[PDB]
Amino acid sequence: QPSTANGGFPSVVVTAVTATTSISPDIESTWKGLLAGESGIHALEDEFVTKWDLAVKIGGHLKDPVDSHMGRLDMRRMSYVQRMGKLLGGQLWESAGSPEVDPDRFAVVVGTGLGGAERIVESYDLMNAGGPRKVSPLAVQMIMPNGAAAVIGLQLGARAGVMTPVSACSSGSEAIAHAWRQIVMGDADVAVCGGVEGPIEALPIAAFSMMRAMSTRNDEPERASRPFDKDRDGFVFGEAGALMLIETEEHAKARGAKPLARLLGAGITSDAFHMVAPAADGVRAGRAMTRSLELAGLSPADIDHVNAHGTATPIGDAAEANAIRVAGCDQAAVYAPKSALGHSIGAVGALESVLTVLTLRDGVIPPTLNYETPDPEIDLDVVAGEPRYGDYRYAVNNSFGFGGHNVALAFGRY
């Protein structure tokens, strides 16, 4: 059975990362802020909060709005997630040294939770007011959920596949999983992968809050997201998009790229339990972690760090604690970055994969914010208080999306 450890799969490395978050548009500045204990989560100042008297009045908008970088033309020819994708794609490529790769060995895999959905409403309104010829010839390419990945593949010249997985909260991690597959099956040597997602607005808040999925701790916004804490009361939105460049180790060495980490394996399973609730027993989610280890060639004792899905819902954190135990990883140092960055749905698995890479690169886990009275029924080694510097050799990033989609990514220190 092939594994990364035994050479059955080629070695794959992470050579560049980019992200925009509620803390910073610069991933290295986001990382510094996380280590400093900063939160991106604040009182929402948008008019729509008071217009609807929303129960949720907190969240993290991007520190640097995407459209502050978008001129008239981009504002008219692309949906929001496409604009975010174009922005991050160009940033990532610059960070990688603008390499000249073989387009025929270059893939793009970018997940997203929904797609260009605001352009559906706009086209709907345009046609209602002016008839069918008032719909733009660009409407289809803006609306289609593959649109962000297509924009990035066209921008950077990727001709070895342009793929868009949709799996709610696990979309951005699943994209990295499929990019890894595209390389280890031999279809590509280099891939841009990750996830993008739209911004906080009234209808997204209404839809998730009517599930009772969201925190309503509006008086202390930075204290609201409390993964694994006894007093947690749901997730907080925190906007993001994130991409990484992965490539075979031989490809990286041949162009002088310095790896940040190794991407060793990916496990994809499903709960088949409930359309939005995770399975309480954590068994299939744990199996995704185990599968990523099988493909990497690691045992659970090797896993020093888990970057938790950790949304801070009551049932989600409990299920994940069971999952981590099921996978034999409950001695790992656990970080729940949604404590600081919130939940960005189709982007968040990619963002947390980038954070996992940085933890391995720098030998440090930032503190899980708001972990103050640990839930008596969960017993994980949650990093908290201040960053924990440690000898982290291998890590798993978890993302368990609504719908029952479990993705685990196994990374190693380079």
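The first residue of the sequence shown is number 1, and the count goes up from there.
Asker: Averaging only over Cα atoms, indicate whether 318-326 or 138-146 has the higher B-factor in the PDB entry.
Answerer: Averaging CA B-factors over each stretch, the winner is 318-326.
Asker: Mean Cα B factor from the PDB record: higher for 35-43, or higher for 345-353?
Answerer: The stretch with the larger average C-alpha B-factor is 35-43.
Asker: Quick one: which of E197, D125, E201, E174 shows the highest Cα temperature factor in the PDB entry?
Answerer: By C-alpha B-factor in the record, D125 ranks first.
Asker: Say you rank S167, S79, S95, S339 by Cα B-factor from the PDB entry; which sits at the top?
Answerer: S95 has the highest C-alpha B-factor of those listed.
Asker: Please place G71 in the lowest, middle or highest third of its chain according to the CA B-factor in the PDB entry.
Answerer: As the PDB entry reports it, the C-alpha B-factor of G71 lands in the highest third of its chain.
Asker: Ranking every modelled residue in this chain by its Cα temperature factor as given in the entry, which third contains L369?
Answerer: Ranked within chain, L369 CA B lands in the middle tercile.
Asker: Using only modelled residues of the chain, where does the Cα B factor of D302 rank: lowest third, middle third or highest third?
Answerer: Within its chain, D302 is a highest-third residue by C-alpha B-factor, going by the deposited values.
Asker: Sort the modelled residues of this chain by their C-alpha B factor and say whether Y392 lands in the lowest, middle or highest third.
Answerer: Highest third, going by the recorded CA B-factors of the chain.
Asker: In terms of the chain's CA B-factor thirds, is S270 lowest, middle or highest?
Answerer: Bottom third by C-alpha B-factor.
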